[PDB]
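Shown next, in structure tokens, is the structure this report addresses.
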Amino acid sequence: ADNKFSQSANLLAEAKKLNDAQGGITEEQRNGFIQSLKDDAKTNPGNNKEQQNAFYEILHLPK
């Protein structure tokens, strides 16, 4: 029943490890995460407002 969580929260944990193992991602790498957050989530009203919060954590970290 852990399917209601968007992959964003999963990528939060996963990218945390991935990025470190890669030795810090470059600017273009994050564009390969932005698409991975929602993929094609249709932009569900309210839901994506929630997704936006996770979006805010992946597009930048040292900035």
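In the structure tokens, the first chain shown is A, the next is B, and so on; residue numbers restart at 1 for each chain, and ligands run from 1 in the order shown.
The environment of residue 48 in chain A within 10 Å, counting only C-alpha atoms and disregarding residues fewer than 6 places along the same chain, consists of residues 6, 38, 41, 42, 54 and 55 of chain A.
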Could the residues in this selection be saved with C-alpha atoms as a PDB file, in the first residue's frame?
```
ATOM      1  CA  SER A   6       5.001   9.818  -5.415  1.00  0.00           C
ATOM      2  CA  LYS A  38       6.216  13.038 -11.666  1.00  0.00           C
ATOM      3  CA  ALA A  41       1.349  12.654 -13.252  1.00  0.00           C
ATOM      4  CA  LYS A  42      -1.241  14.615 -15.284  1.00  0.00           C
ATOM      5  CA  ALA A  54       9.453  17.789  -3.087  1.00  0.00           C
ATOM      6  CA  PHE A  55      10.254  19.506  -6.377  1.00  0.00           C
TER       7      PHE A  55
END
```
Query - Contacts of residue 35 in chain A at 12 Å (only C-alpha atoms; same-chain gap of 5+ positions) as a PyMOL selection string - result: chain A and resi 7-8+11+28-30+40-41+55+58-59
Those residues with N, CA and C atoms, as an mmCIF file, in the first residue's frame please?
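The result, stored in result28.cif:
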```
data_model
loop_
_atom_site.group_PDB
_atom_site.id
_atom_site.type_symbol
_atom_site.label_atom_id
_atom_site.label_comp_id
_atom_site.auth_asym_id
_atom_site.auth_seq_id
_atom_site.Cartn_x
_atom_site.Cartn_y
_atom_site.Cartn_z
ATOM 1 N N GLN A 7 7.036 9.116 -6.515
ATOM 2 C CA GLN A 7 8.421 8.678 -6.620
ATOM 3 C C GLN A 7 9.380 9.776 -6.182
ATOM 4 N N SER A 8 8.869 10.989 -6.042
ATOM 5 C CA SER A 8 9.679 12.107 -5.600
ATOM 6 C C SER A 8 10.275 11.832 -4.226
ATOM 7 N N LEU A 11 12.873 9.369 -4.698
ATOM 8 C CA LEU A 11 14.051 9.949 -5.317
ATOM 9 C C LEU A 11 14.817 10.796 -4.311
ATOM 10 N N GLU A 28 22.937 19.643 -15.415
ATOM 11 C CA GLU A 28 22.103 18.923 -16.379
ATOM 12 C C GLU A 28 21.503 17.653 -15.777
ATOM 13 N N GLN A 29 22.157 17.097 -14.760
ATOM 14 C CA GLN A 29 21.667 15.884 -14.111
ATOM 15 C C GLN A 29 20.308 16.106 -13.459
ATOM 16 N N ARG A 30 20.108 17.287 -12.880
ATOM 17 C CA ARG A 30 18.879 17.569 -12.143
ATOM 18 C C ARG A 30 17.672 17.566 -13.073
ATOM 19 N N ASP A 40 4.593 11.531 -15.760
ATOM 20 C CA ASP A 40 3.381 12.020 -16.387
ATOM 21 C C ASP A 40 2.229 11.910 -15.397
ATOM 22 N N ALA A 41 2.296 12.727 -14.356
ATOM 23 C CA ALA A 41 1.349 12.654 -13.252
ATOM 24 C C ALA A 41 0.072 13.434 -13.551
ATOM 25 N N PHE A 55 9.611 18.890 -5.222
ATOM 26 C CA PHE A 55 10.254 19.506 -6.377
ATOM 27 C C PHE A 55 11.307 20.509 -5.913
ATOM 28 N N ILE A 58 14.823 18.996 -4.988
ATOM 29 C CA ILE A 58 15.650 18.288 -5.956
ATOM 30 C C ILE A 58 16.290 19.228 -6.986
ATOM 31 N N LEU A 59 15.611 20.323 -7.335
ATOM 32 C CA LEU A 59 16.112 21.214 -8.387
ATOM 33 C C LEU A 59 17.379 21.946 -7.942
#
```
Neighbouring residues of residue 62 in chain A were defined as those with any atom within 12 Å, considering only C-alpha atoms; residues of the same chain fewer than 4 positions away were excluded. Please report them as a JSON list (two decimals) with N, CA and C atoms, in the first residue's frame.
```json
[["chain", "number", "residue", "atom", "x", "y", "z"],
["A", 24, "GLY", "N", 28.65, 14.30, -6.66],
["A", 24, "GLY", "CA", 27.98, 15.55, -6.94],
["A", 24, "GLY", "C", 27.53, 15.64, -8.38],
["A", 25, "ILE", "N", 26.24, 15.87, -8.60],
["A", 25, "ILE", "CA", 25.71, 15.94, -9.95],
["A", 25, "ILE", "C", 25.95, 17.32, -10.55],
["A", 26, "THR", "N", 25.96, 17.38, -11.87],
["A", 26, "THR", "CA", 26.08, 18.65, -12.56],
["A", 26, "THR", "C", 24.70, 19.19, -12.89],
["A", 27, "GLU", "N", 24.62, 20.43, -13.34],
["A", 27, "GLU", "CA", 23.34, 21.10, -13.51],
["A", 27, "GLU", "C", 22.39, 20.31, -14.41],
["A", 57, "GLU", "N", 13.14, 20.44, -3.41],
["A", 57, "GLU", "CA", 14.30, 19.84, -2.76],
["A", 57, "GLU", "C", 15.28, 19.25, -3.77],
["A", 58, "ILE", "N", 14.82, 19.00, -4.99],
["A", 58, "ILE", "CA", 15.65, 18.29, -5.96],
["A", 58, "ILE", "C", 16.29, 19.23, -6.99]]
```
Requested in this report: Mind the document's chain letters and residue numbers, and return as a ChimeraX atom specification the residues of chain A that DSSP labels alpha helix (DSSP H).
Outcome: /A:7-22,31-38,47-58
Query raised in the report: So how far away is CA of residue 46 in chain A from CA of residue 32 in chain A, in Å?
Result: 23.8 Å
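The interatomic distance for the pair CA of residue 37 in chain A and CA of residue 21 in chain A works out to 19.9 Å.
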